[PDB]
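Notes to accompany the following structure.
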Amino acid sequence: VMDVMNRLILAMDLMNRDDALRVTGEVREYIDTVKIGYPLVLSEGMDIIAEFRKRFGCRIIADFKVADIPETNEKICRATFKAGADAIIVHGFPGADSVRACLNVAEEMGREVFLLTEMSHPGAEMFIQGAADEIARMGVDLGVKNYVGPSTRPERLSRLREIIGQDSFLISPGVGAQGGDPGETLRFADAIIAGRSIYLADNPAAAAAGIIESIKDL
Amino acid sequence: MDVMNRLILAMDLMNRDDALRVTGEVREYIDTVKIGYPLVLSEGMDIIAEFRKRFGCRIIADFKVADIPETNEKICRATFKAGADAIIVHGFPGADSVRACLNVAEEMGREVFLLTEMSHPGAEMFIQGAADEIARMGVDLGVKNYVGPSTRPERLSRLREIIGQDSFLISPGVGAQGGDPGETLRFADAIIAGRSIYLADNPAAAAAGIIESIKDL
Ligand SMILES: O=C1CC(=O)N([C@@H]2O[C@H](COP(=O)(O)O)[C@@H](O)[C@H]2O)C(=O)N1
Ligand SMILES: O=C1CC(=O)N([C@@H]2O[C@H](COP(=O)(O)O)[C@@H](O)[C@H]2O)C(=O)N1
C-alpha cells in the first residue's frame with residue numbers, strides 16, 4: 001500500500017493555481033500525498049497534476065468520483081493516468097461493470113483505483129448508505145484494495161473496515177470542516193483527508209502540524 | 001430547450017482535431033452537443049468556448065456531478081465559467097448535493113439535468129431500485145430537466161410518468177448500447193447518440209440516417 005506520510009492527505013480544492021501551489025508547498029514537509037479533484041482540475045486543467053509532480057515530491061490521487069457507464073469510465077481513467085495521477089477515485093453505486101472498467105485500465109496502466117463506498121455528507125443517508133455495505137462487498141469480490149469511507153459516521157466507517165479487512169487500504173474524508181475527529185477516524189482508516197481546515201487556515205502549515213500533533217501517538 | 005431534430009451529439013472523441021471535424025460534419029443536423037470528461041480531460045475546458053465559437057450549439061456538460069454539496073458548488077461554478085449551458089448531476093448522492101448544483105445554475109443562468117436511472121447493465125445493481133425515488137426527489141426540488149435510459153423503455157416511460165409532460169427528458173443509450181431512436185422518443189424529448197455517429201464511417205450519413213428513421217416525430 002502507498003506510504004502516506006503522517007497518515008494525512010491534503011484535499012487541495014482551491015480553484016486558483018497560485019493559491020493551490022502556495023498552500024501545497026507550505027505543507028510539503030508534513031504531507032507527501034495530495035488529493036486533487038475537479039474544483040482545481042476544471043479551473044486549471046489536467047496539467048496541474050504535472051505541475052504538482054514537478055514542484056513537489058507528492059503522490060497524486062485524482063478524486064474524480066468516476067460514475068459513468070463502462071465505456072466512458074475507461075476513457076476517463078486513461079486520460080487521468082496519462083496525465084500522471086497515481087490513483088483515481090471511483091464511485092461504486094453505478095455497479096460492478098463500471099468499477100471493473102476502471103480496474104482494468106488501472107491494471108494495464110500500472111496505477112490504482114480507490115472505491116468510494118459511503119459518503120460523508122447528510123445527503124448520503126438517502127440512497128448511498130443503504131447500498132454501502134453491498135458496494136464494499138462488491139469491491140472485495142472485484143479485487144479492489146483501496147477504499148474511501150466517511151469520517152463523519154464512525155459506526156459506518158468501522159463496519160466498512162470490517163468488510164474490506166485489515167489488509168485493504170482505507171482513506172477517510174470529513175475531518176475538520178465536516179466535524180470528523182482525526183484520532184477517532186484513524187482507529188479504522190489508514191489515512192485521513194483534510195481540506196478546508198488546512199487550506200483556508202491563516203497558516204496552513206500550522207494547521208497541518210496541529211492535526212499531526214493530535215495523532216502523534218498513532 | 002429546443003433541440004434541433006431531437007438529437008443530441010455525445011462528443012466523446014478525445015482528440016481536439018477529430019472532435020471538431022466530426023462535430024462540424026454533423027452541424028447541419030444538430031445544434032446541441034453533450035461534452036463530457038473524455039474530451040474535457042484530454043483537451044481542457046477551453047474546448048467548450050471553442051465549440052460555441054465555431055458552432056451555433058448549446059453545450060451540455062455531462063460531468064455526472066456526484067460529490068458533497070460544497071464540492072458540487074465549485075464544480076458547477078468552474079463548469080459554467082467555461083461556458084456550459086447546462087450540467088448533468090447524479091441524484092444518488094442525495095438532495096443536498098443536487099440543491100448545491102441548482103443554486104449555482106440559478107446564479108449563472110444555466111440548467112441542471114438530473115440523472116435518475118443509467119443505461120448500462122450495472123445500473124440494475126443499485127441505481128434502478130432508487131430511480132423512482134430519485135425522480136420524485138427531483139420533482140420535490142423543482143428540477144425540470146432529467147436523464148433516463150433508452151435501453152429500458154419501460155423504465156424511461158415510468159420516469160416520464162413521474163416527472164410529467166412539462167419536464168424535459170433526454171435519453172442516452174441509443175445506437176451502440178441497443179436503444180431504438182423512435183421508441184425512445186415516445187417518452188424522451190430528445191435522444192443522445194455518441195458512437196453510432198462519431199465512430200461511423202460517415203458521421204454525417206449516420207446522423208442523417210437516425211433523423212430519417214424518426215422523420216415522422
Ligand atoms: O464522502 C466523501 C468523499 C469525498 O471524496 N469527499 C471529498 O473530500 C474533501 C473534503 O474536504 P473538507 O476537509 O471538508 O474541506 C473534498 O475534496 C470532498 O469532495 C468528502 O468530503 N466526502
Ligand atoms: O445512463 C447513462 C448516462 C449517460 O450520460 N450516458 C452517456 O451518454 C453517452 C452515450 O454514448 P453512446 O451513444 O453509447 O456512444 C456517453 O457520453 C455516456 O457517458 C450513458 O451512456 N448512459
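Starting from 1 in every chain, residues are counted up; chains themselves are A, B, ... following the order of the C-alpha cells, and ligands are numbered from 1 as listed.
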Selection as a ChimeraX atom specification: residues within 9 Å of ligand 2 by only C-alpha atoms and all ligand atoms: /A:68-73 /B:9-12,34-38,62-64,88,115-120,123,147-151,171-179,192-199
Within 8 Å of ligand 1, counting only C-alpha atoms and all ligand atoms, residues as JSON, numbers by chain: {"A": [11, 12, 13, 35, 36, 37, 63, 65, 89, 116, 118, 119, 120, 121, 124, 148, 149, 150, 172, 173, 174, 175, 176, 177, 178, 193, 194, 195, 196, 197, 198], "B": [67, 68, 70, 71, 72]}
Neighbours of chain B in chain A at 8 Å, counting only C-alpha atoms, as an MDAnalysis selection string: chainID A and resid 13 38:39 42:43 45:46 65 67:70 72 75:76 79:80 93:98 119:128 131
Those of stretch 40-211 of chain B in DSSP alpha helix (DSSP H), formatted as an NGL selection string: :B and (40-43 or 46-54 or 69-81 or 95-108 or 127-141 or 153-163 or 181-184 or 195-198 or 203-211)
Got a sec: who's within 9 Å of residue B:157, counting only C-alpha atoms, leaving out chain neighbours fewer than 5 positions off, as a ChimeraX atom specification? /B:152,162,184,186-188
To test your reading of the structure, identify every residue in stretch 40-111 of chain A that backbone DSSP assigns to strand (DSSP E), and report it as a list in words.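 Filtering stretch 40-111 of chain A to strand (DSSP E) leaves residues 59, 60, 61, 62, 63, 64, 65, 66, 87, 88, 89, 90 and 91 of chain A.
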Take the selection from the previous step and output its residues with C-alpha atoms, as a PDB file, in the first residue's frame.
```
ATOM      1  CA  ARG A  59       1.769  11.346  -4.863  1.00  0.00           C
ATOM      2  CA  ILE A  60      -1.416  12.397  -6.622  1.00  0.00           C
ATOM      3  CA  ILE A  61      -4.863  10.913  -6.045  1.00  0.00           C
ATOM      4  CA  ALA A  62      -7.321  12.134  -8.685  1.00  0.00           C
ATOM      5  CA  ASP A  63     -10.642  12.479  -6.884  1.00  0.00           C
ATOM      6  CA  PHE A  64     -12.907  12.328  -9.910  1.00  0.00           C
ATOM      7  CA  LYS A  65     -15.612  10.109  -8.356  1.00  0.00           C
ATOM      8  CA  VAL A  66     -15.921   8.323 -11.696  1.00  0.00           C
ATOM      9  CA  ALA A  87      -4.601   6.725  -8.402  1.00  0.00           C
ATOM     10  CA  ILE A  88      -8.199   7.620  -9.166  1.00  0.00           C
ATOM     11  CA  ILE A  89     -11.337   7.503  -7.004  1.00  0.00           C
ATOM     12  CA  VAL A  90     -14.369   5.735  -8.443  1.00  0.00           C
ATOM     13  CA  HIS A  91     -17.997   5.549  -7.305  1.00  0.00           C
TER      14      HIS A  91
END
```
Record the distance separating atom CA of residue A:33 and atom CA of residue A:182, expressed in Å with one decimal.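 According to the coordinates, atom CA of residue A:33 and atom CA of residue A:182 are separated by 16.5 Å.
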Give me the residues near residue A:32 as a VMD selection string, where near means some atom within 8 Å (using only C-alpha atoms) and where sequence neighbours in that chain fewer than 4 positions away do not count. chain A and resid 4 to 5 9 28 57 to 59
For residue A:24, work out the shell of residues within 9 Å, counting only C-alpha atoms and skipping chain neighbours fewer than 5 positions away, then give it as JSON, numbers by chain. {"A": [10, 12, 19, 31, 34, 52, 56, 199, 204]}
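Comparing the minimum interatomic distances between residue A:205 and each of A:192, A:27, A:2, A:163, counting only C-alpha atoms, we find that A:27 sits nearest.
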One residue among B:185, B:3, B:217, B:211 is nearest to residue B:31 when using only C-alpha atoms, and that residue is B:3
Contacts of residue A:26 at 9 Å (only C-alpha atoms; same-chain gap of 3+ positions) as a PyMOL selection string: chain A and resi 21-23+29-30+203-205
